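J.: As a preliminary step, the opening chains of the complex are given here in situ:
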Amino acid sequence: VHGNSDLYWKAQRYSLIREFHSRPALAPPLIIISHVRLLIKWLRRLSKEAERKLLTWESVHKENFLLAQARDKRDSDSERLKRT
């Protein structure tokens, strides 16, 4: 079981971190002042060129990945037997 349990834990670990991120930012004894803050709030009711430089960098690595995959497929022994 040990392998599938480690994969399941690594997948759920994001959900546990994300639910400590969105909490009232005080300890439970003192959270009542933040529920009062929430209750009165209920009663009242990357830049553009940095994104472009990022996505062009990603597209460079995508093109290198697909070329290296194609060169590894072409130099295999079964494909070379097909061409022979």
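T.: Thanks, I have it. Numbers count the residues shown, from 1 in each chain, chains lettered A, B, ... in the order given.

J.: Tell me which helix or strand the residue minimising distance to the centre of chain A sits in.
T.: The centroid of chain A falls nearest to residue A:14 when counting by CA atoms, centre = their mean (8.7 Å). Per DSSP states H and E: residue A:14 is located in helix A:2-21.

J.: cool, residue A:71 as well?
T.: Using DSSP H and E, residue A:71 falls within helix A:48-74.

J.: Which SSE is immediately downstream of that helix?
T.: With elements assigned by DSSP H and E, the helix or strand that comes after helix A:48-74 is helix A:77-83.

J.: returning to that earlier point: ok, and for the helix holding residue A:71, which residues are buried?
T.: In terms of neighbour count (16 or more other CB atoms under 10 Å), helix A:48-74 has no buried residues at all. C-beta here means a position set from N, CA and C on the backbone, and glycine is covered the same way.

J.: Chain neighbours aside, what residue packs nearest to residue A:38?
T.: Spatial nearest neighbour of residue A:38, excluding adjacent residues (CB to CB, 6 or more residues apart in numbering): residue A:24 at 7.6 Å.

J.: helix, strand or coil for that neighbour?
T.: Under the three-state scheme (DSSP: H, G, I helix; E, B strand; the rest coil), residue A:24 adopts coil.

J.: one step back: pull the distance from the helix holding residue A:14 to the chain's centre.
T.: Distance of helix A:2-21 from its chain centroid, counting by CA atoms, centre = their mean, to the nearest Å, is 13 Å.

J.: Over to stretch A:56-71?
T.: The chain centroid and the centroid of stretch A:56-71 are separated by 21 Å, computed with CA atoms, centre = their mean.

J.: what are the C-alpha coordinates of that stretch, in PDB please?
T.: C-alpha atoms of stretch A:56-71 as PDB (Å, rounded to 0.1, in the frame of the first residue of the first chain):
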ATOM      1  CA  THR A  56       7.800  32.900 -24.900                       C
ATOM      2  CA  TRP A  57      10.300  31.200 -22.500                       C
ATOM      3  CA  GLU A  58       7.800  28.400 -22.000                       C
ATOM      4  CA  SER A  59       7.400  28.000 -25.800                       C
ATOM      5  CA  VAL A  60      11.200  27.700 -26.200                       C
ATOM      6  CA  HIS A  61      11.300  24.700 -23.800                       C
ATOM      7  CA  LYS A  62       8.300  23.100 -25.400                       C
ATOM      8  CA  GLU A  63      10.000  23.200 -28.800                       C
ATOM      9  CA  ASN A  64      13.200  21.700 -27.400                       C
ATOM     10  CA  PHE A  65      11.200  19.000 -25.700                       C
ATOM     11  CA  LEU A  66       9.300  18.000 -28.800                       C
ATOM     12  CA  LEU A  67      12.500  18.000 -31.000                       C
ATOM     13  CA  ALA A  68      14.400  15.800 -28.500                       C
ATOM     14  CA  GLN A  69      11.400  13.400 -28.300                       C
ATOM     15  CA  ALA A  70      11.300  13.100 -32.100                       C
ATOM     16  CA  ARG A  71      15.100  12.500 -32.300                       C
END
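
J.: could you also fit chain B onto it:
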Amino acid sequence: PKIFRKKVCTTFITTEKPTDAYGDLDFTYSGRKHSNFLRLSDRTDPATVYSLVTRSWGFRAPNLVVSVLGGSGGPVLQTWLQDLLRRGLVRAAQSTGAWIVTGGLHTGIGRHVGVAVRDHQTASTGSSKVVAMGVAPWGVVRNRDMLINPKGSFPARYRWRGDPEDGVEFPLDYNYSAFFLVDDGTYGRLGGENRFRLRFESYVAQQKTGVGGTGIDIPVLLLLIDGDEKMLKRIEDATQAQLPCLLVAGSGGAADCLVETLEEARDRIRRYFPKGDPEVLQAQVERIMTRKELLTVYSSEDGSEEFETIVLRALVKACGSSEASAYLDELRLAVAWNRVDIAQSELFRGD
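T.: Time to bring in chain B:
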């Protein structure tokens, strides 16, 4: 730094003004990656042009420079010559590492070379592009009025393919990596750009190959297709600067020079390839035979890997004086091109 590209190069209208068009040019709604761009004046110093290329834009040094000329067959070339342009030239430029100096317009030679570059990039995965560079006059550009705004490193959405008008303005081929648009302020003439082409290729043929130089001089070869009368005046302006040439078998002035090298009647030979101007162009034939060694023939020996060997034979024949310096240059160029298979079977046979 971005104003530095404008403060070095100037443009004349002849009232000379600092330039305003340095571009990271891209094409609208198309796959091709941003391309470099410059609008330039004529009679500029080619040293700062080259330092713009290898320091600012960023291109490696050439191991070979092959400029293609001609333009007789307008819309469609022979498929035999499309086999020559695709499987002879562009894959040799992919292997050795080379620049192709061709008119960056969509007419004549630059269209056919652009077909060969596109077809070779499709049917081959070598993880490296073919550096093709384009020179063209500023007056014939289709959308020259879009490229003004001097802000910096701007991708100008150059509208190719639009407003189809023929004969006057020509669009830019997207199969080129960098553009050198040479301006005379004429806006409609064909171009006195042949002087800048000869000065730039002479300056490239002065420099040395390698990391800190310390190598051989960069070989520059000229490839001709059928052409016109002004192409033969372009032959002579090339071969005065000690640049060898190479001839194809199709028709025109190229086959004119072939049959003239196979052997009054010569004036009759002049009276059917252009049908005009006998005695001035007969003096051009006289200067062709003053050189006699910077001209080679491709038609007798044709092949795929035969092309790079014919380039070497053109460089050996045009070397001239010393024999041992010629074989030294052939060995060090085989090292520079990173091709062991040439030097092992053509330089270490035993002769």
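
J.: Phi first, then psi, for residue B:103.
T.: Backbone torsions of residue B:103, given as degrees, to the nearest 10, read phi -60, psi 120.

J.: So what's the residue count around it?
T.: 26 (other CB atoms under 10 Å in any protein chain shown).

J.: For the helix or strand where residue B:136 lies, give me every contacting residue.
T.: When elements are defined using DSSP H and E, residue B:136 is found to belong to strand B:132-137. Outside of strand B:132-137, the residues within contact range by CB atoms under 8 Å, 6 or more residues apart in numbering or on different chains are B:93, B:99-105, B:110, B:113-114, B:117, B:170, B:172-173, B:175-184, B:186, B:189-193, B:196-197, B:200.

J.: Equivalent analysis for stretch B:75-94, please.
T.: Contacts of stretch B:75-94 (CB under 8 Å, 6+ apart): B:64, B:66, B:68, B:98-100, B:112-113, B:115-117, B:119-120, B:124, B:126, B:128, B:130-132, B:223, B:225, B:248, B:250, B:304, B:307-308, B:311.

J.: again, only using 6 Å
T.: Contacts with stretch B:75-94, where a contact means CB atoms under 6 Å, 6 or more residues apart in numbering or on different chains, come from B:100, B:112, B:116-117, B:119-120, B:126, B:130, B:304, B:307-308.

J.: Apart from its chain neighbours, what residue comes closest to the residue of chain A found nearest chain B?
T.: With CB to the nearest CB, the shortest gap between chain A and chain B falls at residue A:67, namely 5.0 Å. Ranked by CB to CB, 6 or more residues apart in numbering or on different chains and with sequence neighbours excluded, the top spatial neighbour of residue A:67 is residue B:127, at 5.0 Å.

J.: Please report how far the one you found lies from residue B:220.
T.: Distance, residue B:127 to residue B:220, using CB to CB, to the nearest Å: 27 Å.

J.: Please apply the same query to residue B:7.
T.: Residue B:7 sits 30 Å away from residue B:220, going by CB to CB.

J.: Could you check which of these two has the larger neighbour count?
T.: Between residue B:7 and residue B:220, counted using other CB under 10 Å, the more crowded position is residue B:220 (23 against 9).

J.: Now do the contacts for the more buried one.
T.: By CB under 6 Å, 6+ apart, residue B:220 lies in contact with B:65, B:201, B:205, B:243.

J.: of these, closest to residue B:216?
T.: Closest to residue B:216 out of those is residue B:205 (11.1 Å), distances taken as CB to CB.

J.: Could you give the number of residues near that closest one?
T.: Residue B:205 has 17 neighbouring residues, counting by other CB under 10 Å.

J.: Look up how far residue B:94 lies from it.
T.: Using CB to CB, residue B:205 is found at 22 Å from residue B:94.

J.: add chain C to what we have:
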Amino acid sequence: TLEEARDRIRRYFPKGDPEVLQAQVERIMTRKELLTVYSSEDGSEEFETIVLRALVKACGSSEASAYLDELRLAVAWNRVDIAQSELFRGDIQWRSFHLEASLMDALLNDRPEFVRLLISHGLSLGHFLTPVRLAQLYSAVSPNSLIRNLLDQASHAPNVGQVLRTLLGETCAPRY
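T.: The block that follows adds chain C to the chains above:
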């Protein structure tokens, strides 16, 4: 077709009825282009090429419509090896809509190699994707499929963006 004596030619293949069947030879030479010859060129994969040459020769009037029909028939037969080595050699100056029509035939049917082949020969998809063509792409849906039922439920209130919203919600869902 390799070339009085023609009545003598009639007097040994059936040995009978000379002049009526001579009028049949007359009507054969009225057509003169719907007749092809197999004997000079024989081969295994030569047969399908000879079928194409018979269809090109009998096309007649327009040249560009003949090469358009040869390309779209090579798409319809699902044979890339014909179109690559007999239609993209370099003799034919292919235009835009000549390639866009065969690209629509290669998208509506499931021919991926023609999609890669026709995109690689210099076609711009920014001009290709007309919203009428996009409606024709989502039209070619099998009636016993899943998206046939899902696009019928999206027309109850094409409507692809509503299908993506009812699958993926507000977030994690594209627009159109």
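
J.: once more on the contacts of stretch B:75-94, this time with chain C?
T.: For stretch B:75-94, contacts defined as CB under 6 Å, 6+ apart pick out B:100, B:112, B:116-117, B:119-120, B:126, B:130, B:304, B:307-308, C:89-90.

J.: The same query, at a cut-off of 8 Å, please.
T.: With contact meaning CB under 8 Å, 6+ apart, stretch B:75-94 is reached by B:64, B:66, B:68, B:98-100, B:112-113, B:115-117, B:119-120, B:124, B:126, B:128, B:130-132, B:223, B:225, B:248, B:250, B:304, B:307-308, B:311, C:89-91, C:93.

J.: again with stretch C:150-165
T.: Residues outside stretch C:150-165 that contact it (CB under 8 Å, 6+ apart) are C:135, C:138, C:141, C:147, C:166, C:173-176.

J.: ok, now stretch C:168-176?
T.: So stretch C:168-176 is contacted by C:160-161, C:164-165, C:167 (CB under 8 Å, 6+ apart).

J.: give me the residue from chain C nearest chain B.
T.: Minimum separation of chain C from chain B (CB to the nearest CB) falls at residue C:126, amounting to 2.9 Å.

J.: Quick check: phi and psi on residue C:115?
T.: phi -70, psi -50.

J.: I meant to write residue B:43 there.
T.: The phi and psi values for residue B:43, taken as degrees, to the nearest 10, are phi 60, psi 40.

J.: Could you point out the helix or strand that follows the strand holding residue B:136?
T.: strand B:157-158.

J.: Just the CA atoms of whichever helix or strand comes after that next one, as CSV, please.
T.: Sequence order places strand B:178-183 as the next helix or strand after strand B:157-158, per DSSP H and E. Only the C-alpha atoms of strand B:178-183 are listed here, as CSV (Å, rounded to 0.1, in the frame of the first residue of the first chain):
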residue,chain,number,x,y,z
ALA,B,178,16.9,40.1,-40.3
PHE,B,179,16.2,42.9,-42.7
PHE,B,180,18.5,45.7,-43.9
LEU,B,181,16.4,48.3,-45.7
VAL,B,182,18.7,50.7,-47.5
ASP,B,183,17.2,54.1,-48.2
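
J.: Residues of chain A that sit close to chain B?
T.: Taking CB under 8 Å from any CB of the partner chain, the part of chain A that reaches chain B is made up of A:64, A:67-68, A:70-71.

J.: got those as a markdown table, with distance to residue B:57 columns?
T.: Converted to a markdown table, the residues of chain A next to chain B look like this (distance: CB to CB, whole Å):
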| residue | distance to residue B:57 |
| --- | --- |
| A:64 | 22 |
| A:67 | 24 |
| A:68 | 27 |
| A:70 | 29 |
| A:71 | 29 |
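
J.: Those residues of chain C touching chain B, which are they?
T.: Residues of chain C lying near chain B by CB under 8 Å from any CB: C:89-91, C:93, C:120, C:122, C:124-127.

J.: List just the nearest of the residues of chain A next to chain B to residue C:30.
T.: residue A:70 (56.1 Å).
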